[PDB]
Protein chains: 2
Amino acid sequence: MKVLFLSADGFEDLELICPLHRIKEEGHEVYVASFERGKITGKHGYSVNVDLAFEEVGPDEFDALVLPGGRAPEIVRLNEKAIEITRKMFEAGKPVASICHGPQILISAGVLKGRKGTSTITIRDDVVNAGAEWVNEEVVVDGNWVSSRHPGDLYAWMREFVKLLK
Amino acid sequence: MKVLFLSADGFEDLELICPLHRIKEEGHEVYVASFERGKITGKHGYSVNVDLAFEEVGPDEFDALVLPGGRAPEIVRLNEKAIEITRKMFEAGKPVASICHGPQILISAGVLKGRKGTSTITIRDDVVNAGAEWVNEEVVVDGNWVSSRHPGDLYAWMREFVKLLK
């Protein structure tokens, strides 16, 4: 499968890099999109190459979407193209994984009404206001949406997400 | 299986943390041992709990061994108990995974004569002097010893290693 990550500077380093490797291990292709090509740098100083700018991405091209946390979602969520990619993939029933602040992008895409999931507890109220049910669990699987809270949950997040990939 | 990590302050964060989650994902128990119980902190500022002090560890109680890199192996290799644990597990043919500077622990255990593997290139000459054949590959499998070089190799390192925990 072709697996798309949306991110920017200030990502939570582990939430992007450990899944990047986990999904490569399976033999899938992984792409990182952001505002421009180049590299981006996490909260903790790791850097990651960016394959694509948002504007080059066609939603039909990719099979699955990963939304890592950190401070990156706060600025990604303002980008109209990033939102659209997310809306289109989410509503088409493609596997979407989120962790930590990642659901801020889902909130802005307007796709959470009637859905169930989790996030970092510091944005629980925002998730609920977007129309979702929020629960405090290490991983939640609501159809195509696999959600976790924080870096301690990584093993469970990836366990359930990798099942959806074919 | 019970899988044992030996580390200390100044570990390369990804090299300890991404495998810890990968291996939990599979349903194995994972234990981190260091000089004392508490927390250790990596080069990039992530913290991990230490479950056991070296002195609590019985070699025979664990099924497999992971040796992450960073600056931790330079101090771990001085601990007689860590070296004893390493030697016994490695000589019993239990799966041992090293990356980066990890093999400094193997050097000091005295187990590398006639073996074959890789490391960070900056300690190639020390691995060779310890009696091993050094090669430059993303992952090398020499019997029970699975070795890689740096964080770019992680996906390949874990792919081959998790095979041995079957």
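Each residue in segment A:110-166 was checked for being aromatic (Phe, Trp, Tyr), within 26 Å of B:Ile17 (Cβ to Cβ) and in a strand (DSSP E or B), and 1 of them qualify. Taking B:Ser119, is it of a type in the set (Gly, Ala, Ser) and within 14 Å of another protein chain (Cβ to nearest Cβ)? Spelling it out, it is not the case that B:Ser119 is of a type in the set (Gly, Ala, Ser) and within 14 Å of another protein chain (Cβ to nearest Cβ).
For B:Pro68, state whether it is within 20 Å of B:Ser147 (Cβ to Cβ) and either more than 13 Å from chain A (Cβ to nearest Cβ) or among the basic types (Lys, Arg) (or both). Yes, satisfied. Within segment A:16-38, being under 20 Å from B:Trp157 (Cβ atoms) and in contact (Cβ under 8 Å) with a residue 40 or more places away in the chain holds for A:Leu16, A:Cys18, A:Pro19, A:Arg22, A:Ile23, A:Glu26, A:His28.
Pick out the one residue from B:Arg87, B:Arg159, B:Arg115 that is more than 16 Å from B:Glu12 (Cα to Cα), among the charged types (D, E, K, R) and touching a strand residue (DSSP E or B) at 6+ places or on another chain (Cβ under 7 Å). Every option except B:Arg115 fails the conditions.
A:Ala132 passes every criterion in (1) crowded, with 22+ Cβ neighbours inside 10 Å; (2) more than 14 Å from every other protein chain (Cβ to nearest Cβ); (3) closer than 21 Å to A:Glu26 by Cα apart from (3).
Identification of helices (runs of 4 or more DSSP H) wholly contained in segment B:39-109 with 2 or more residues that are closer than 21 Å to B:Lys163 by Cα and in contact (Cβ under 8 Å) with a residue 40 or more places away in the chain yields B:80-91.
Evaluating B:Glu25 against the criteria (1) within 22 Å of A:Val139 (Cβ to Cβ); (2) in contact with a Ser or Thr (Cβ under 7 Å, 6 or more places away or on another chain) leaves one unmet condition, (2). Within segment A:110-129, is even one residue surrounded by 23 or more Cβ atoms within 10 Å (Cβ to Cβ), within 12 Å of the chain's Cα centre (by Cα) and of a type in the set (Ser, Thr, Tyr)? Looking through segment A:110-129, at least one residue is surrounded by 23 or more Cβ atoms within 10 Å (Cβ to Cβ), within 12 Å of the chain's Cα centre (by Cα) and of a type in the set (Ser, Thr, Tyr).
Would you mind stating whether B:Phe90 is of a type in the set (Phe, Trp, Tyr) and more than 18 Å from B:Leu20 (Cβ to Cβ)? Here the answer is yes, as B:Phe90 does meet what is asked. Within segment A:150-166, no residue satisfies the criterion of being away from chain B (no Cβ under 14 Å) and either buried (at least 23 other Cβ atoms within 10 Å of the Cβ) or free of Cβ contacts under 8 Å to residues at least 24 places away in the same chain (or both). Looking across segment B:31-58, the residues that are away from every other protein chain (no Cβ under 14 Å), surrounded by fewer than 19 Cβ atoms within 10 Å (Cβ to Cβ) and small (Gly, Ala, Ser) come down to B:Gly38, B:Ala53, B:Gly58. Of all residues in segment B:55-64, none satisfies being closer than 26 Å to A:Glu12 by Cβ, out of contact with any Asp or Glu (no Cβ under 6 Å at 6 or more places or on another chain) and aliphatic (A, V, I, L, M).
Restricting attention to segment A:1-30, and to residues there that are within 11 Å of another protein chain (Cβ to nearest Cβ) and part of a loop (DSSP other than H, G, I, E, B), which single residue is nearest to B:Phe161 (Cα to Cα)? Looking at residues that are within 11 Å of another protein chain (Cβ to nearest Cβ) and part of a loop (DSSP other than H, G, I, E, B), I get A:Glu26.
Positions of Cβ are generated from backbone atoms using ideal geometry, with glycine treated the same way; all protein chains shown enter the neighbour counts. FYI, it's all coordinate maths here, none of it is from the lab.
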